[PDB]
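Chemist: give me coordinates for this.
(chains A, B, C, D and E)
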Amino acid sequence: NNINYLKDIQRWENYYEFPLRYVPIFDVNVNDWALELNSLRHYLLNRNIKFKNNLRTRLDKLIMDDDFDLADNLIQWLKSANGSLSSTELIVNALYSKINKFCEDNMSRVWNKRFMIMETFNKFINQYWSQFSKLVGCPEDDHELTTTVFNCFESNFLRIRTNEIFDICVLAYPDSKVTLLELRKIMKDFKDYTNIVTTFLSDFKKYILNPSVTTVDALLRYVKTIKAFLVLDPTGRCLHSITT
Amino acid sequence: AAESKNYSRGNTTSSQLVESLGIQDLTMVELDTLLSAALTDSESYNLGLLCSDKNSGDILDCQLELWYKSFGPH
Amino acid sequence: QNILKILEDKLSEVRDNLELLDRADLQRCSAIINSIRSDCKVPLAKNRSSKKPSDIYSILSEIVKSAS
Amino acid sequence: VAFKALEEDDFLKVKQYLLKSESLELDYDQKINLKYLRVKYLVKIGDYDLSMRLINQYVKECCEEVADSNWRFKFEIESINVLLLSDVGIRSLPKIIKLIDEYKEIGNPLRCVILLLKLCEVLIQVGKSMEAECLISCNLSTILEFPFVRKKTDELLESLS
Amino acid sequence: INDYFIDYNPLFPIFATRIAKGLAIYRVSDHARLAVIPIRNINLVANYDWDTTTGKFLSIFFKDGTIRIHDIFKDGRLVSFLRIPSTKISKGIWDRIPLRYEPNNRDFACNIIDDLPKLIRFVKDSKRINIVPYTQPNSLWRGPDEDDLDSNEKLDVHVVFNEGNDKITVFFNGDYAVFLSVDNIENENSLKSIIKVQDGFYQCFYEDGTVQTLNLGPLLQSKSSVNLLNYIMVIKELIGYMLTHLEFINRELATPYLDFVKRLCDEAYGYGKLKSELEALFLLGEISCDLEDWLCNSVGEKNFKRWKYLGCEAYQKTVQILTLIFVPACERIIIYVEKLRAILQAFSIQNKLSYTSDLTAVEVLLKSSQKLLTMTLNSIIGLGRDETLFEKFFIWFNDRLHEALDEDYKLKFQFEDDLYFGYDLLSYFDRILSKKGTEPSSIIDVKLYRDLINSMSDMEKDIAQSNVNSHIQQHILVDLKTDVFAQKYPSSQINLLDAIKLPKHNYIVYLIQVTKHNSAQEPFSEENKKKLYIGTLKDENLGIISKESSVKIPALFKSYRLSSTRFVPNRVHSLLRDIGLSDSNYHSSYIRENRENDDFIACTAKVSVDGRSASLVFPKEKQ
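Modeler: Numbering: from 1, shown residues only, chains lettered A, B, ... in the order given. Here you go, the structure:
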């Protein structure tokens, strides 16, 4: 009941195996010592919920501060334990959190660049993909994992652009025109369009439809959105919804 | 990614609730209740049979739980 | 139970006495095949579709509109 | 009258009525009530091997012969009660949770609360009454609105004390 | 625009200025008038407060006890009128707290009101009777703004302070009122300024330097307690909602129909003679000379169609309002009082507080509302029989009337269609022509309905006062008045002027007048100088941070009342540039309105608090 952190189990392991060096009892060819260690680790995983949660938080923190070696040791420890918390779920969540934060850091409010999603993906791959492949153990040339990572990057790019579409269309236009055309290449579902308009109305009505705002600037910004969305949407159905 | 698409469009689902309660392992919880007190011989062979099962799941958990009950602190 | 859990994975060929499992499709296919061999309940799955509650007048106007 | 007699522990009266049940010509709605009455009476006596073999047959034919969901639920919770009363309620955990999230979407408050009491009753017979008290305390406000579960709710409170 | 007034809207570049004709609104960028609020006397207005959460509305406080709120965006249109029972207002603050009820698995308290279809109102215009969706009386200024994507329900709390006695009154949602009695009534200290720390946390600052803290935190953190507050407000509204419609049918449907019957029958022919004559007409067909005059001259064709039109709406519209209004409302009353009972019972066990609130008040309302639903259903069945008796009467009355006016009418309807046709025809006469029928309650027992609803409404005020106020007050803690400045200044009499909170910052900036206490051993020292020390306190625990620096007043500014200074946030520097950029009658050197008006000081005190500064304005009230 006194175990709360990984460092506690490592020092207890050292505490138990301290006499092992001075008296050899475990045969080299049989990994007996490892068997009960994994057994005790498995029970601690499957009996102590607080330890399980602490391991989740510790791994998330370690992957966040780029302590890759200790994270690899943690993953090795979990795999050896073979508990009800498999390392596959943890690395998935850790990778997903890391890519989200990297996306938030990098492609926030930057719209002048063209094909920047490729630039972001390449920069992230060169910075972390080799370390991530070492953590998982899969070959560096895993094509379908890179494809899924790219698909998540563009989904994150879409989500950020949906959030910022108001400042995108009102202020930066027409300087942000290029990324609007790139955005056009991504949107494919009716839900994407209904979310893009209902957010854009919400902010525009929040900010522009104030009577405290001058009417001349309100119209000037309004037509700026009209041309921006017209270039974004050749059909103009969203323009009709906005106009109505 | 698919779950995030719905999430974009946490402890909200019941699976996390049962995970939080710490009752995920059906057999381990059941034997923990059964061993609470005793240890009648007729039952003990039945529990020992579970440890000596030809094929099962968390067999190692039951073995060490039985060891804790037999020779642990009390 | 674990032995049956194993059979929940690799069994896909319809090999009789399916009722002790918990997979309906294999049971339904077995029921379909057993009927054809005999010549028997093709129980169709009801689509459990699923939101605004609206007001009284909107409901009443809806029913009189659909009445005609 | 028989249901009232069951509550007042008039086992002689309900036993004699069940004899009439097997040889009467009854409507389906009357059939299920006496079919359901027989299950509740058998739980009171104490014999559970017969009742358990009997109740699952009822619900299985309560989903194929007639697609009656309301009578499927009332029969289902009786299977939970007989299990947990026999000091083995852990087997019911997959079944109750499947009904909890299913009825959360439906939104019937009675269905949600009655499952909470069965969930709470399970958690206190495992040795983990600590979190059961924590769960019941947060939801104590919304479970007193239902009168017929108050007696089971109040009785559980004295157990926790 | 030169004035010592004006509070800037934190969320939009708009200010509220004061002019002679009323409260005025001018855009900062254009100096263009936007709205005018007609106010009679400035002295009656205790203070005005803007909307912190949304900024679309504006609040005005009157000294007598009325709160009036106008929206800026609708050209200053009045949107709601508020009253507080017998309260003298000194200074009020309006706050909007948005609730966040994130979905949690441990919360099994599902809602079914959303599930039940929403009610509808009955409103009749001049042309016809129309039916519109139901809207709460205060929902127009509380409804989910089209602007707020975060449409989370917002708790509306109005806090009221009474002058001369320092009594604290808190007002919720515009209907429910809670009274809190302060223990420190020994000193009649005027309240200088109100500062809001976060949602539901307020600090009050009096002239003597004592600080009083009101905390809504425990109430906000208890999910059930807020629901208790919401439920008791709904129950009172719906009871009046039924009562509003009950007087509608009595005034619009019942009385006009009966008055037409009375004028056409009693004023023309009489009741007792008519009933006997009509039965003779029904059985024998004997029409006297006088009665034929009544059919031709009094009734005629013109009133007959009106009689049918008035009668049909008197019954067919009456049943609609009983089924579409009363039944859904009475079910909703029952569901809410049942939830009302459950909440109080739980906290009687959960708190385990020694004092208990009796539940007989709830039980009486439960049976009374249950009595109503049984009683309305009896009427709906009753009006069903009335329609049958109604129609059978006129289908025969059509036949007699036209025969008297045509002498060649071909009788289309036949009595042989129905066997008991006579009994229904006669039974209508007794209902419409009798001493009980003469009363306005002939159609429905309006008096019994009016008494029963008022019985619940009067009892509903009892449950709110006796029990709900007891529970809300317990969850409300009022911090005792304390002196913080004594530790830094223990030998000085402290005079407090004003203090505000700088947004996005957790520090309290205050302006104080420090006068050293002169002991009885130092006679008549000239060090009785009023020092306008300014310091900072952390918003939570009011802890001193920086050493106070005494601002040196120039000798030219000693002829002004320093006590009347107030804080002015949100870029006062913008107006200074615009004054010189606008060809107005206002000159900046000091902002002066011409050469013949009062001069007001704009002390832009650059108090560098972690690199940031505020702004002050010094009013002119010459001593």
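Chemist: which residue is the nearest non-sequential neighbour of whatever residue of the stretch 1-150 of chain E ends up closest to chain B?
Modeler: Nearest residue of the stretch 1-150 of chain E to chain B (C-beta to the nearest C-beta) works out as residue E:105 at 4.2 Å. The way it works is simple: take the backbone N, C-alpha and C, and place the C-beta from them, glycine included. With sequence-adjacent residues excluded and distances taken as C-beta to C-beta, 6 or more residues apart in numbering or on different chains, residue E:105 is closest to residue B:17, at 4.2 Å.
Chemist: now residue E:328
Modeler: Per C-beta to C-beta, 6+ apart, closest to residue E:328 is residue E:119, 5.7 Å.
Chemist: which residues touch the one you found?
Modeler: C:55-56, E:134, E:241, E:325, E:328-329, E:332 (C-beta atoms under 8 Å, 6 or more residues apart in numbering or on different chains).
Chemist: so what's the most centrally placed residue in chain B up against?
Modeler: By C-alpha atoms, centre = their mean, chain B has its centre lying nearest to residue B:28, at 2.3 Å. Counting by C-beta under 8 Å, 6+ apart, residue B:28 touches A:46-47, B:58, B:61-62, B:65.
Chemist: which of the residues you listed sit farthest apart?
Modeler: Within the contacts of residue B:28, A:47 and B:62 form the most distant pair, 12.0 Å apart (C-beta to C-beta).
Chemist: so which of these two has more stuff around it?
Modeler: More neighbours surround residue B:62 than the other of residue A:47 and residue B:62, with 21 against 18 (other C-beta atoms under 10 Å in any protein chain shown).
Chemist: without its sequence neighbours, what residue ends up closest to that one?
Modeler: In space, residue B:62 is closest to residue B:51, 5.4 Å off (C-beta to C-beta, 6+ apart).
Chemist: which residues touch that neighbour?
Modeler: Counting by C-beta under 8 Å, 6+ apart, residue B:51 has contacts B:59, B:62-63, B:66.
Chemist: could you rerun that using 10 Å?
Modeler: B:31, B:59-60, B:62-67 (C-beta atoms under 10 Å, 6 or more residues apart in numbering or on different chains).
Chemist: list only buried entries from these.
Modeler: Using 16 or more other C-beta atoms under 10 Å in any protein chain shown as the burial test, the contacts of residue B:51 include B:31, B:59-60, B:62-66 as buried.
Chemist: greatest separation within those: which pair is it?
Modeler: Farthest pair in these, by C-beta to C-beta: B:31 and B:60, 13.1 Å.
Chemist: tell me where chain C has helices.
Modeler: C:2-10, C:24-38, C:56-67 (DSSP state H).
Chemist: for residue D:10, find the nearest of those helices.
Modeler: Comparing the helices of chain C by C-beta to C-beta, helix C:24-38 comes nearest, at 43.4 Å.
Chemist: could you give me the buried positions within the closest one?
Modeler: C:26, C:28, C:30-31.
Chemist: close to chain D, is that helix?
Modeler: No - against chain D, helix C:24-38 shows no contacts by C-beta under 10 Å from any C-beta of the partner chain, the least distance being 11.9 Å.
Chemist: quick one: that helix to helix C:2-10, angle?
Modeler: Interaxial angle of helix C:24-38 relative to helix C:2-10 (axes from the mean of the first three to the mean of the last three C-alpha atoms, to 10 degrees): 80 degrees.
Chemist: and helix C:24-38, how far out from the chain middle?
Modeler: In terms of C-alpha atoms, centre = their mean, to the nearest Å, the centre of helix C:24-38 is set 14 Å apart from its chain centre.
Chemist: pull out the CA atoms of that helix and give them to me as PDB.
Modeler: Output of helix C:24-38 as PDB, limited to C-alpha atoms (Å, rounded to 0.1, in the frame of the first residue of the first chain):
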ATOM      1  CA  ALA C  24     -26.300 -13.800 -33.300                       C
ATOM      2  CA  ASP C  25     -25.100 -13.700 -36.900                       C
ATOM      3  CA  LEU C  26     -23.700 -17.200 -36.900                       C
ATOM      4  CA  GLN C  27     -26.800 -18.400 -35.100                       C
ATOM      5  CA  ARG C  28     -29.100 -16.600 -37.700                       C
ATOM      6  CA  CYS C  29     -27.100 -18.000 -40.600                       C
ATOM      7  CA  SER C  30     -27.300 -21.500 -39.000                       C
ATOM      8  CA  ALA C  31     -31.100 -21.000 -38.600                       C
ATOM      9  CA  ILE C  32     -31.400 -20.000 -42.200                       C
ATOM     10  CA  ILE C  33     -29.300 -23.000 -43.400                       C
ATOM     11  CA  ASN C  34     -31.200 -25.400 -41.200                       C
ATOM     12  CA  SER C  35     -34.500 -24.200 -42.700                       C
ATOM     13  CA  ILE C  36     -33.300 -24.800 -46.200                       C
ATOM     14  CA  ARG C  37     -32.000 -28.300 -45.400                       C
ATOM     15  CA  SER C  38     -35.400 -29.000 -43.700                       C
END
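Chemist: and which of the contacts of residue B:51 is nearest residue A:121?
Modeler: residue B:60 (43.0 Å).
Chemist: so what's that closest one up against?
Modeler: By C-beta under 10 Å, 6+ apart, the neighbours of residue B:60 are A:35-36, A:38-40, A:42-43, A:46, A:82, B:51.
Chemist: again, but for residue E:257
Modeler: Counting by C-beta under 10 Å, 6+ apart, residue E:257 has contacts E:307, E:309-315, E:318, E:440, E:442-443.
Chemist: ok, now with 7 Å
Modeler: Going by C-beta atoms under 7 Å, 6 or more residues apart in numbering or on different chains, residue E:257 touches E:310-311, E:314.
Chemist: can I take it that it is in a helix?
Modeler: Yes - according to DSSP: H, G, I helix; E, B strand; the rest coil, residue E:257 belongs to a helix.
Chemist: before we move on, back to that, relative to chain A, which of the helices of chain C is closest?
Modeler: The nearest among the helices of chain C, by C-beta to the nearest C-beta, is helix C:2-10 at 15.7 Å.
Chemist: mind checking if the closest one is in reach of chain B?
Modeler: Yes - judged by C-beta under 7 Å from any C-beta of the partner chain, helix C:2-10 comes into contact with chain B at C:2-3.
Chemist: buried residues in that helix, which are they?
Modeler: For helix C:2-10, the neighbour count (16+ other C-beta under 10 Å) marks no residue as buried.
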